[PDB]
């Protein structure tokens, strides 16, 4: 139950994480996570129902989705937990994240195909099945479509925002949630998707296993925000059309509310918070 910085994982931890991810892919379970995420990416809208993102429930929804995935990993190997990627610290293609013993590196220039690491198409172990175009191989272009990952100063500026979220509770909002998501401001989470490129920049972004580590770090930043702002909490708190209020349940689970997910320590802790 401890989520660790990827940069600190041992060789055995890396190996067991990769093996569990690959078993989920083999059994067909992984691709259903891709498909769930894509459904919400394509259906959430700023002027209509919005649950998985561009909305206050962006953060509890991804927290619960990551718990579903981690629980699936643990069903294969109970020692495995989701590591997190601090992209403000590990910010170049030279980071061990991108080594062949972990996620593999960037894609080749010709077609963006990842050529090394456990998830390279040549291994036979990582077919891209849930997809929006004919290509069936993992692709990346690290630093191709945006120069820089967010910096620590930029992150600190977003953590400083006291309000969790604000009307109209969508991609035009001021407040912490939308600045962390990145639709307004210096842009944290959206820009990381763009920086990785390939399937991470698309509506089928969990096809790249880095998805999970990115979101585990976004989730940590929510937890860090909570500690900075003990007097701030999830909003809205009742009666908002199209938006998940604090005590309302969330699709697809229908049985959990943002309220049930505000305190991560009920499920895991971090190596350092």
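Numbering follows the first chain given and starts at 1. Only the largest set of C-alpha atoms that superpose within 1.5 Å between the two forms is called the rigid core.
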Checklist entry - Between 92 to 100 and 128 to 136, which has the larger RMS C-alpha deviation from this form in 9 other deposited structures of this protein after core superposition? => result 128 to 136
Checklist entry - Per the entry, where is the mean C-alpha temperature factor higher: 138 to 146 or 123 to 131? => result 138 to 146
Checklist entry - Out of 154 to 162 and 112 to 120, which stretch has the higher average CA B-factor listed in the record? => result 154 to 162
Item to check | Residue of maximum C-alpha B factor among 199, 88, 171, 190, per deposited coordinates | outcome: 88
Item to check | Of the residues 31, 39, 68, 208, the one carrying the largest Cα B-factor as recorded | outcome: 39
Next on the checklist: By the recorded C-alpha temperature factor, relative to the other modelled residues in its chain, which third is residue 54 in?
Outcome noted: middle
Next on the checklist: Looking at the temperature factor on the CA atom of residue 27, which third of the chain's modelled residues does it land in?
Outcome noted: lowest
Item to check | Chain-wide C-alpha B factor ranking for residue 77, given as lowest, middle or highest third | outcome: highest
Checklist entry - If you rank the chain by CA B-factor, which third does residue 8 end up in: lowest, middle or highest? => result lowest
Item to check | Assigned third (lowest, middle, highest) for the C-alpha B factor of residue 242 | outcome: highest
